[PDB]
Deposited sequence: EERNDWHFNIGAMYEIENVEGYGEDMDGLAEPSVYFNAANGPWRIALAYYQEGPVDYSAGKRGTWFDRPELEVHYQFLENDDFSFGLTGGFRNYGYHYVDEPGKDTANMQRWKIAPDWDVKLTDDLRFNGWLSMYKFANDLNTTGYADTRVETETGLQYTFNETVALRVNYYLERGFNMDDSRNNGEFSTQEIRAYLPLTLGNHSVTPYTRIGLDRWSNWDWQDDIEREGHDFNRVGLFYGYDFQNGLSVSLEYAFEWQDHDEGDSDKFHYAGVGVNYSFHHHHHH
């Protein structure tokens, strides 16, 4: 079968502040896909330093079935969160892993309408007292896709993320987030434009909205780039900007 490879890089900025460079490489053959990525997050002014962390990751995806009427796959993943704390009590480092098992599906309802989504089951282990994370988490984004034509499609999804603790007497990091996410994927030749919105339904930890715009360009020579902006707020204003480059090449 054909070996499909991808290599890429991204640089994101989240300021209310954070600089986040990352790279990745993935290979696919038949129903299998293996992805490796490295992500780092720290203050934009780390030069002045402060707490930061890196996030190596290995994911494997398997496609059980891929037909027009029904498609389903599964991804297994592992990540380590390497924290480096600055000017804070306790040890200055911590390592917490995240194990992920997540099915994804796409089911045809009509020639124009589809029901798709994914669901991730997570386990977090080690240094959770320092880290503050709940040891268990479930997340899901599932919904409907109405396709106008090859150029436009509408997607409206329900989103849920929640943290639980298997450890009966520990309530650290527990939370619940529910949202409605709408996207309007536009494909224009080599251009890709996807304006989207996140409508907060409710969230509690221990109304929030976001509007954004994704843009991607494909040079059709294996190279593609992307730019994206997002604005989130409560009453709490946050800004997000990101740029990326991907190079696609196959085998056989």
query	finding
Gaps in the model, given as deposited-sequence positions counted from residue 1	1-3, 20-27, 59-60, 220-231, 261-266, 284-286
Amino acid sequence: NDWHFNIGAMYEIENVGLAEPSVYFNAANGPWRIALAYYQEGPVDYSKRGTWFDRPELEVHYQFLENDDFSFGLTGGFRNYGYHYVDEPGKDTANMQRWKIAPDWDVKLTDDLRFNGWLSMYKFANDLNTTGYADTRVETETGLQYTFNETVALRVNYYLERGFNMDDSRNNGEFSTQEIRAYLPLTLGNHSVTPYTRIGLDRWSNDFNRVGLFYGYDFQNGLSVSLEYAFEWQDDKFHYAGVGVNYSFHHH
From here on, numbers count along this sequence of modelled residues.
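Throughout, rigid core stands for the largest set of C-alpha atoms superposing within 1.5 Å between the two forms.
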{"item": "Outlying stretch relative to shown form, 174-182 versus 91-99 in 4 other deposited structures of this protein, C-alpha RMS (core)", "value": "91-99"}
{"item": "Stretch with greater C-alpha deviation in 4 other deposited structures of this protein, 53-61 versus 37-45 (rigid core superposition)", "value": "37-45"}
{"item": "Segment of higher mean CA temperature factor, 214-222 or 34-42", "value": "214-222"}
{"item": "Mean temperature factor over C-alpha atoms, higher-scoring stretch between 25-33 and 49-57", "value": "49-57"}
{"item": "Deposited CA B-factor, highest of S169, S71, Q97, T151", "value": "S169"}
{"item": "Residue with maximal Cα B-factor (values as given in the PDB entry) among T197, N190, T194, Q63", "value": "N190"}
{"item": "Chain-relative CA temperature factor third for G163", "value": "middle"}
{"item": "Chain-wide C-alpha B factor ranking for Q178, given as lowest, middle or highest third", "value": "middle"}
{"item": "Ranked against its chain, the third holding the CA B-factor of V107", "value": "middle"}
{"item": "Within-chain third of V86 by Cα B-factor, per the entry", "value": "highest"}
{"item": "Ranked against its chain, the third holding the CA B-factor of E141", "value": "lowest"}
